[PDB]
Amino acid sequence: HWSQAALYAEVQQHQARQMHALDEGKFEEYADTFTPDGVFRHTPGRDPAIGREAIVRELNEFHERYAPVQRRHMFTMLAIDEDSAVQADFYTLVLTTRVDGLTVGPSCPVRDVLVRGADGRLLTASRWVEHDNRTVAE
């Protein structure tokens, strides 16, 4: 189906714009790409930020503890699945450039749940991030 394909591109576009905002420190913008009740589980062991204000607050607190740095998130291996929410499985690779060099990792399998807002744009209802280092740790 042409619609399935269109949805796939749409999710890629959505995800890209989210990370363009995040990576450039536009935390409000990033939060606005989630539903008003959005769940953001960024780190295993830690409770998710729920809601836009919590996501923005969480990002601010994390930036205060750990940032002269440029982070880039790179998504690959998108697979989507099902009458109005879509699940998205994919891989994230974190890159961090600092004055003393580039760091690669961690790699993170992620599950997103996406819905369509009142204006027809996609919003992220849920982002559930796992860390491969945590998985290996045992």
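Residue indices: 1-based, along the sequence shown.
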query	finding
Chain break class for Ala67 to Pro68, judged by how many deposited residues have no coordinates	1 to 3
Interresidue gap class [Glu82, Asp83; deposited sequence, unmodelled]	4 to 9
56-64 set against 26-34, stretch whose average Cα temperature factor tops the other in the entry	56-64
Residue range whose averaged C-alpha B-factor is higher in the record, 4-12 or 129-137	129-137
Most elevated Cα B-factor in the entry, residues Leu78, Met74, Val104, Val99	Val99
Relative C-alpha B-factor of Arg111, binned into the chain's lowest, middle or highest third	lowest
Third of chain Cα B-factors occupied by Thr43	highest
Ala21 by Cα B-factor - lowest, middle or highest third of the modelled chain	lowest
